[PDB]
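Enquirer: So that we are looking at the same thing, I have put the structure below in C-alpha cells.
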Amino acid sequence: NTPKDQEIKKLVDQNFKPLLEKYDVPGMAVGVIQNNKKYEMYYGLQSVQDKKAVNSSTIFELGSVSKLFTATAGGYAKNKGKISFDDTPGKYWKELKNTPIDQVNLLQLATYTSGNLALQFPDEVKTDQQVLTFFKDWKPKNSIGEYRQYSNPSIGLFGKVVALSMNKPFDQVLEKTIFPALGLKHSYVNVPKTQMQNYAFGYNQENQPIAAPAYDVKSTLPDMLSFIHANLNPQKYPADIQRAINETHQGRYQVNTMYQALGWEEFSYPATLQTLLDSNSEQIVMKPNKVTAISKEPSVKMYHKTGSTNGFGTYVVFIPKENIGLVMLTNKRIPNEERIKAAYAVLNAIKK
C-alpha cells in the first residue's frame, strides 16, 4: 500500500529532516541498507554559496569514523600475518624499542588502554618527527591495560604500526589495499584535484564554510553504504578482507553495557536507546573508565560509531541479524545524541 522505498524515505523525513532546521545544517546524506537493498536520501547543499545540492557524489569528512578503516586495516595485516595484536610498537617502529610506550601492545593501543593517552595530540604535534618525539617522551600513568580512555593518538600509533608492517604509507594502505578490497571507489585520505568539485564545504557553528598520523578519511554515502554492506556480509568478500572485517567485530572488553571492538562500539541487540546514548556520554568519551572482561558474549549484537570534524558529522550503525544498517553524513556538526536518537527511531520503525 506504500512501497518500501517510500516508507523508509518517510521515516528519514520524520526523524532526520527536522535536524536540518533545528541545527541549521546546510546538507545531509542519510542511507539505509536493508536485506542488501540500499536507500539513499540527500538533503540540502554541499556548498551553500555555490547552491550545489548534496547528491550521490558528495564527499564528506568522516572524522573519527575513520578509525573504523584503521581498525579494518589492522585486522587485515593481522590475518595476513603482518602483525600480532600481542606485539609492541617497537617491533615495527624501531625508534620506539626500549621506550616506555614499548610496554603497550597493539591491541591495547587500538582499544585505548595504554593508561596515559589523551583524546587528541597536543596542538603543536604536527611534524611526523614530533609524533615520534611525543611517543618517545611518553610515560605510563594508570596501569597499562586497565583503563579505557578514548584517544586518537592511541589508535593513531596503532595505524602507524599497521602501515609499517605492510611497508607502505598509511594512506596507501587504505587507498591501494583496503578501499579496493571493500569495493569503495570514492573514499580517500587525500581527495584528488579532479574530485574537489564534489568535496563538500564543512560549516562551523556560525555556518561559515571552513599531521600524517592524523588518519582521516573522506567518503560518499554510496561508499559508506557499501562499507556497511561489507560489515553486514563479510562472507561475500575475499578471505583476507573477510577476516579483517570479522576481526573488527570481536568485542575485546566491556565498559558497562558497551563492548569495545576494533574501532566499532558493540552492544547486545536489542539495545535500549539509553545504552546507545551512554556510549557517547562525557563519562565514557572524555574520562578514563576501568574495563572489565566480557562476561556475556553477545550472540545477537549491533555496532555503531559517531564521528565529527569541525565542519562535519557522521554516524554509522548496523545490526547483522536484522540485515540492516544506516549512515548519516552532514556538513555541520550536530550533537551525537541527536544522531543516535534519529537512527534508533528509523531503524526500529522500518518494517522487518
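Order determines the names: the first chain of the C-alpha cells is A, the second B, and so forth; residues in each chain are numbered 1 upward, and ligands are numbered 1 upward as they are shown.
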Which residues are close to segment 303-307 of chain A, i.e. within 6 Å by only C-alpha atoms, leaving aside same-chain residues fewer than 6 positions away? Reply as a ChimeraX atom specification.

Expert: /A:63-65,264-266,313-318

Enquirer: Export N, CA and C atoms of the chosen residues as a CSV table (one decimal), in the first residue's frame?

Expert:
chain,number,residue,atom,x,y,z
A,63,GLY,N,35.7,12.2,10.0
A,63,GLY,CA,36.1,12.4,11.4
A,63,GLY,C,36.5,11.1,12.0
A,64,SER,N,36.1,10.8,13.3
A,64,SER,CA,36.6,9.6,14.0
A,64,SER,C,36.0,8.4,13.4
A,65,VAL,N,35.0,8.4,12.5
A,65,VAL,CA,34.6,7.2,11.9
A,65,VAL,C,35.7,6.6,11.0
A,264,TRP,N,34.8,-0.1,16.0
A,264,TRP,CA,33.4,-0.2,16.4
A,264,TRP,C,33.2,-0.3,17.9
A,265,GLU,N,32.1,0.3,18.3
A,265,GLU,CA,31.5,0.0,19.6
A,265,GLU,C,30.4,-1.0,19.4
A,266,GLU,N,30.3,-1.9,20.3
A,266,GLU,CA,29.4,-3.1,20.1
A,266,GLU,C,28.4,-3.2,21.3
A,313,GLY,N,29.6,16.0,10.6
A,313,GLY,CA,29.2,14.9,11.5
A,313,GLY,C,28.9,13.7,10.7
A,314,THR,N,29.2,12.5,11.4
A,314,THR,CA,28.9,11.2,10.8
A,314,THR,C,28.3,10.3,11.9
A,315,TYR,N,27.5,9.4,11.5
A,315,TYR,CA,27.0,8.3,12.4
A,315,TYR,C,26.8,7.1,11.5
A,316,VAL,N,27.4,5.9,11.9
A,316,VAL,CA,27.2,4.7,11.2
A,316,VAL,C,26.7,3.6,12.3
A,317,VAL,N,25.8,2.8,11.9
A,317,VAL,CA,25.2,1.8,12.8
A,317,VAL,C,24.8,0.6,12.0
A,318,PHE,N,25.0,-0.6,12.5
A,318,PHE,CA,24.4,-1.7,11.7
A,318,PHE,C,24.1,-2.8,12.7

Enquirer: Which residues, written as an MDAnalysis selection string, have at least one atom at most 9 Å from segment 128-134 of chain A, with only C-alpha atoms counted and residues fewer than 5 positions away on the same chain left out?

Expert: chainID A and resid 95:96 121 153 157 211:213

Enquirer: Would you list the contacts of residue 329 of chain A as JSON, numbers by chain, taking every protein, DNA or RNA residue within 8 Å and counting only C-alpha atoms, but skipping same-chain residues closer than 6 positions in sequence?

Expert: {"A": [28, 29, 30, 60, 62, 221, 312, 313, 314, 315]}

Enquirer: Enumerate, as a ChimeraX atom specification, the complete set of residues in segment 91-257 of chain A that a backbone-based DSSP assignment places in strand (DSSP E or B).

Expert: /A:147-148,188,199,203,209,218-219,253-255

Enquirer: Do a neighbour search on segment 246-250 of chain A at 10 Å with only C-alpha atoms, toss out local chain neighbours closer than 3 positions, and write the hits as a PyMOL selection string.

Expert: chain A and resi 68-76+78-79+231+233-235+241-243+253+259-266+297+301-303

Enquirer: Could you pull the residues within 12 Å of residue 100 of chain A, counting only C-alpha atoms, minus those fewer than 5 positions along the same chain, as a list in words?

Expert: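 That gives residues 88, 89, 90, 95, 105, 114, 115, 116, 134, 135, 136, 137, 138, 139, 140, 141 and 144 of chain A.
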
Enquirer: For the residues in the current selection, export N, CA and C atoms as a compact mmCIF listing (two decimals), in the first residue's frame.

Expert:
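And here is the file that came out, out.txt:
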# COMPACT_ATOMS: atom_id res chain seq x y z
N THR A 88 54.35 -5.29 20.49
CA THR A 88 54.51 -3.92 20.94
C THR A 88 54.97 -3.05 19.77
N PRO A 89 54.74 -1.74 19.81
CA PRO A 89 55.04 -0.91 18.63
C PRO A 89 56.52 -0.85 18.29
N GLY A 90 57.41 -1.12 19.24
CA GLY A 90 58.83 -1.12 18.97
C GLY A 90 59.30 -2.21 18.03
N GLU A 95 62.56 3.04 16.45
CA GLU A 95 62.94 4.10 17.38
C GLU A 95 62.11 4.09 18.66
N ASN A 105 50.87 -3.18 24.12
CA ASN A 105 50.73 -3.99 22.92
C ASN A 105 49.73 -3.36 21.95
N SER A 114 46.24 2.27 26.92
CA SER A 114 47.63 2.49 27.31
C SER A 114 47.76 3.00 28.74
N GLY A 115 46.74 3.71 29.24
CA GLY A 115 46.79 4.28 30.56
C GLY A 115 47.24 5.72 30.62
N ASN A 116 47.71 6.28 29.50
CA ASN A 116 48.10 7.69 29.50
C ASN A 116 48.17 8.26 28.09
N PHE A 134 56.81 12.70 20.63
CA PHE A 134 55.72 12.57 21.58
C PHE A 134 55.66 11.17 22.19
N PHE A 135 55.85 10.13 21.37
CA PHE A 135 55.79 8.78 21.90
C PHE A 135 57.10 8.39 22.58
N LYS A 136 58.23 8.90 22.10
CA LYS A 136 59.48 8.72 22.84
C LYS A 136 59.40 9.34 24.23
N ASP A 137 58.77 10.51 24.34
CA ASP A 137 58.62 11.20 25.62
C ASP A 137 57.44 10.70 26.44
N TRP A 138 56.69 9.72 25.93
CA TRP A 138 55.52 9.24 26.64
C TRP A 138 55.93 8.41 27.86
N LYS A 139 55.22 8.62 28.97
CA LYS A 139 55.42 7.82 30.16
C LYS A 139 54.09 7.27 30.66
N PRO A 140 54.09 6.06 31.22
CA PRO A 140 52.85 5.50 31.75
C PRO A 140 52.33 6.29 32.95
N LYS A 141 51.02 6.15 33.18
CA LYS A 141 50.33 6.78 34.30
C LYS A 141 49.47 5.73 35.00
N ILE A 144 48.84 -0.13 32.67
CA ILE A 144 48.59 -0.43 31.26
C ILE A 144 47.54 -1.53 31.14

Enquirer: List every residue of segment 218-304 of chain A that DSSP, applied to the backbone of this structure, places in helix (DSSP H, G or I), and write the result as an NGL selection string.

Expert: :A and (221-232 or 234-236 or 239-249 or 273-278 or 282-286)

Enquirer: Any idea what the distance is between atom CA of residue 6 of chain A and atom CA of residue 340 of chain A?

Expert: 21.9 Å

Enquirer: List the neighbours of segment 32-46 of chain A out to 9 Å using only C-alpha atoms; skip same-chain residues closer than 3 positions along the sequence, and give me the result as number ranges by chain.

Expert: A: 5, 8-9, 12-13, 17, 20, 25-29, 49-56, 58-60, 198-202, 221-222, 225-226, 228-229, 232-233, 318, 322-327, 330-331, 347, 352

Enquirer: Find the residues near residue 188 of chain A: any atom within 7 Å, counting only C-alpha atoms, skip ones fewer than 6 places away on the same chain, and give them as a PyMOL selection string.

Expert: chain A and resi 175+217-219

Enquirer: When distances are computed from only C-alpha atoms, which of A:267, A:112, A:92, A:237 shows the smallest separation from residue 180 of chain A?

Expert: A:237

Enquirer: In Å, with one decimal, what is the gap from atom CA of residue 339 of chain A to atom CA of residue 151 of chain A?

Expert: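 Spanning atom CA of residue 339 of chain A to atom CA of residue 151 of chain A is a straight-line distance of 21.3 Å.
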
Enquirer: Measuring atom to atom with only C-alpha atoms, identify which of A:295, A:47, A:98, A:165 is nearest to residue 207 of chain A.

Expert: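 Among the listed residues, the smallest separation from residue 207 of chain A belongs to A:47.
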
Enquirer: What separation in Å, quoted to one decimal, exists between atom CA of residue 255 of chain A and atom CA of residue 275 of chain A?

Expert: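 Between these atoms lies a distance of 11.1 Å.
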
Enquirer: Here is a test: counting only C-alpha atoms, which residue of A:345, A:181, A:83, A:189 is nearest to residue 236 of chain A?

Expert: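 So, comparing all the options, the nearest one is A:181.
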
Enquirer: Looking at only C-alpha atoms, which of A:31, A:169, A:311, A:81 is the one that sits closest to residue 333 of chain A?

Expert: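 Closest to residue 333 of chain A of all the choices is A:311.
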